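Laid out below as structure tokens are two forms of one and the same protein chain, each shown alone and named structure 1 and structure 2.
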Structure 1
């Protein structure tokens, strides 16, 4: 599978092993608040995770992307499609992080590109994903996009995002798709 994911001001490309340091820094910096704790890994462990992930990519079971600014090609984040199922053909997405260098609309654009990769490039029929309870900036973003809250448990809210809303959003968000 080759992807050609480009939106108005951002684009994606599959993660490579040499992205380990950018990712490790991105994931460290994202956690970086008053409550920072034990470093959850390092550049080599990230590289190791990526090389293992490549087995999954080559089997068609997972796709992990770097998000870039189109204007100067700098890396600004990550996003991942994983946990694929059948009946229905569904994918999850997550590992979604954007740094301080992001474009203004990098969040909406990268989400729209996720859906393009999922529904168009890979032929899925729905998207399943979870969001931590209390993280309300993220919940309303998804709702505003058309994701349906489907269930919840203690820690998360579970959403589904149907093909039908992907097709609608291609029209409604055409300016963001460039």
Structure 2
């Protein structure tokens, strides 16, 4: 598989070992890491993590992306598809982080491109993810895009996002993915 994920103000490309420093700094930013897993601040350890990730990637088991800002080709975050299962075909996503240099709507763009990757490039039927209780605006983002709370525990709310909502959204969110081929005009 190779991916061609590009939206209006952002694009994605697969993580390499050399992204270790950017990732370490991102994930150890205390403004950003309130609701994600603790991870090493050691560049070589993060390089190690990426090396193992690359084996999972070579086997079609995981795809991990740096998010970039299109205007200056500068890195603005991460996102990951992982933990694949069957009956029905399901993928998780997460590791979803954008820094201060993000474009205003990078969150909308990157989510949409994740669902491009999962449902159309990779053929999944269903997406699973969770969000910490307390991460209020993230809950509110996913509900708005059409995710459904399946359930919960002491830490998380658990969601699914169906392929049907992705397709059904592709028209509605088309302005985020590219230049419109034609624009609505009212008389």
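Only residues modelled in both forms are compared. Residue numbers count along the first chain shown, from 1. For the two forms, the rigid core is made up of the largest set of C-alpha atoms that agree within 1.5 Å on superposition.
For the set 36, 43, 150, 132, a Cα shift of at least 2 angstroms between structure 1 and structure 2, after rigid core superposition, holds for 36 and for no other residue. Here the two forms are laid over each other by their core, and the C-alpha of residue 168 is off by 1.4 Å between structure 1 and structure 2. Relative to the superposed core, residue 102 moves its CA by 0.3 Å between structure 1 and structure 2.
30-41 is the sole run of three or more consecutive shared residues whose C-alphas all shift by 2 Å or more between structure 1 and structure 2 after the rigid core is superposed.
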